[PDB]
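Notes to accompany the following structure.
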Number of protein chains: 2
Amino acid sequence: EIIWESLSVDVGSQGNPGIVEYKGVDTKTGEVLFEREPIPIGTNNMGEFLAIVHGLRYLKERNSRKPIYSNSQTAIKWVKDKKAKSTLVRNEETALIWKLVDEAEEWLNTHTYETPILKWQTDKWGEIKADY
Amino acid sequence: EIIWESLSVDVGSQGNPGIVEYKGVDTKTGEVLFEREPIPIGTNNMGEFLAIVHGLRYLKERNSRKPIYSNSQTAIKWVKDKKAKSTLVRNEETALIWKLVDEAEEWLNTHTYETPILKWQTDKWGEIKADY
DNA sequence: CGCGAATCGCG
DNA sequence: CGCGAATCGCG
């Protein structure tokens with residue numbers, strides 16, 4: 001079952017592709033540990049991929065042993081693969097989200113980390129904490 | 001139902017990826033109208049994509065009004081899209097099949113053709129004629 | 001509404 | 001055996 005001493009990372013979109021944001025919350029207290037303000041164009045999967053890698057950087061900085069939960073099979077797999085296999089066109093309007101994704105991949109390719117990245121089982125455990 | 005005055009195009013593989021060949025046969029008489037000798041490395045889908053575009057070039061040359069049948073949803077869609085969305089790595093060993101695919105796409109991009117490309121319904125009509 | 005992973009026919 | 005199109009959870 002559930003490690004409550006953990007970080008849950010969630011993405012917020014509505015229109016997909018469209019404005020995307022994300023945050024990292026303490027799984028137990030719901031305390032917001034980091035948040036990214038709205039990016040004008042991205043996809044759910046790119047935003048959740050960024051949320052996971054930001055969570056990794058955040059916990060590594062803090063020397064934390066906590067795991068990360070995500071409800072996204074896709075973003076967990078992209079993090080494992082060190083590759084975000086997004087279909088989002090690369091153009092002037094998507095340049096920011098692609099720059100951030102590209103740089104998150106480079107981070108993954110050049111650092112080690114011990115944080116377990118675990119799948120949040122929404123059908124058994126309810127909504128990921130503080131789900132947008 | 002079935003237009004018997006037509007061309008059926010089929011691919012032959014075994015190992016996929018692996019040696020690939022294809023041919024075009026008269027749907028009715030089974031007469032072999034063209035055949036490509038074995039290409040040492042390709043995939044089923046790339047071979048069937050080539051078989052369809054070869055069939056188009058063959059019939060156009062002959063001023064023929066005949067349709068082409070294929071049992072491949074994938075190769076029909078790649079021909080429609082004028083793009084073969086193969087995952088086959090581009091390396092020294094796959095250079096020949098990729099050169100042929102690239103040149104078949106260019107053909108599609110630079111010619112018009114009236115040949116209908118129709119899906120062969122194997123579950124109702126049995127095996128595509130002269131199936132390898 | 002769209003995004004992508006996980007889940008048939010074909011040789 | 002693998003190749004790709006057609007066919008769930010998530011916000």
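Keep in mind that the numbers below use all heavy atoms, side chains included, and drop hydrogens, waters and symmetry copies. To find a chain, count down the sequence lines: A is the first, B the second, and so on, and within it residues start at 1.
Note on B/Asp10: nothing from the nucleic acid sits closer than 4.0 angstrom, heavy atoms only. Across all strands, A/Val11 comes closer than 4.0 Å only to sugar-phosphate atoms, never to a base (heavy-atom distances). Here B/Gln73 lies in heavy-atom contact (under 4.0 Å) with sugar-phosphate atoms only. Residue A/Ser86 is in sugar-phosphate contact alone, with no base atom involved, counting any heavy-atom pair closer than 4.0 Å across all strands shown.
Base-pair partner of D/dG11: C/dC1 (Watson-Crick or G-U wobble, both distances under 3.5 Å).
Within a 6.0 Å sphere centred on CD of A/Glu127, heavy atoms belonging to other residues, nucleotides or ligands number 12 at most.
A/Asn71 pairs with exactly one of A/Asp123, A/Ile128, A/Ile76 by the side-chain contact (heavy atoms from CB on, under 4.5 Å) rule, that one being A/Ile128.
Rounded to an integer number of Å, the gap from CD of A/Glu127 to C1' of D/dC10 is 10 Å. Atom CG in B/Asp123 sits about 8 Å away from atom P in C/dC10, given to the nearest Å. The distance between atom CD1 of A/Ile128 and atom P of D/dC10, rounded to the nearest whole Å, is 9 Å.
The phosphate of C/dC10 (OP1 or OP2) has a side-chain N or O of B/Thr122 nearer than 4.0 angstrom.
For the pair A/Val25/A/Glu31, no side-chain contact is recorded, criterion being any heavy-atom separation below 4.5 Å from C-beta on.
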